[PDB]
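Have a look below at one chain only, the form deposited in one PDB entry, in structure tokens format.
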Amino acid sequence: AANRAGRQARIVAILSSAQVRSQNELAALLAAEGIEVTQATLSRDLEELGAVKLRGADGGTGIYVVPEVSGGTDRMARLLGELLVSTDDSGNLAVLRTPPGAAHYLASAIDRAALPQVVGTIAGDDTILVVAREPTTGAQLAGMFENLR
């Protein structure tokens, strides 16, 4: 559940990372992070945003683009609830376990939250390395994920 402004920020973010051909598709992309709105609302959002359905010559039907921290943290905490199997740490690294295939998904949500204490993440398949920004330790990071769980 997010307000007009929060939802639109997410829309802008979605439109840059995905090729969105229709408003129904945009609604599915938002529902994946727990934002449920109808098509009417998205028509209004995209208009307020100045989003245009852009295509070149012989370019088919078009995809929406809007011309020119994220918060953000809620998407992540949502996914942590769902995909975080375990945490552990060593030195400046937290190590997170997710179900198989889920690591890139969780890690991308972590990146987008832009935590001040996270230098970066790398996802394999069911594992994520989270690099702690000094002097934060991996143990503290792990503590932060266990708390936001």
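Heads up: residue numbers just count along the shown sequence, starting at 1.
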Between residue 58 and residue 59 - deposited residues without coordinates, as a size class: none
96-104 versus 50-58 - greater average Cα B-factor per the deposited record: 50-58
Given 7-15 and 128-136, the range whose Cα B-factors average higher in the PDB entry: 7-15
Per the PDB entry, maximal CA B factor within 119, 42, 122, 69: 69
For residue 90, the third of its chain into which the C-alpha B factor falls: lowest
CA B-factor placement of residue 32, once the chain's modelled residues are sorted into thirds: middle
Chain third (lowest, middle, highest) by recorded CA B-factor, residue given as residue 110: lowest
Record-listed C-alpha B factor of residue 26: chain third: lowest
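What comes next is about the form deposited in another entry, which does not appear here.
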Direction of C-alpha distance change in the other form, residue 100 to residue 31 (at least 3 Å): farther
Change in CA distance between residue 76 and residue 51 in the other form, which is 3 Å or more, as closer or farther: closer
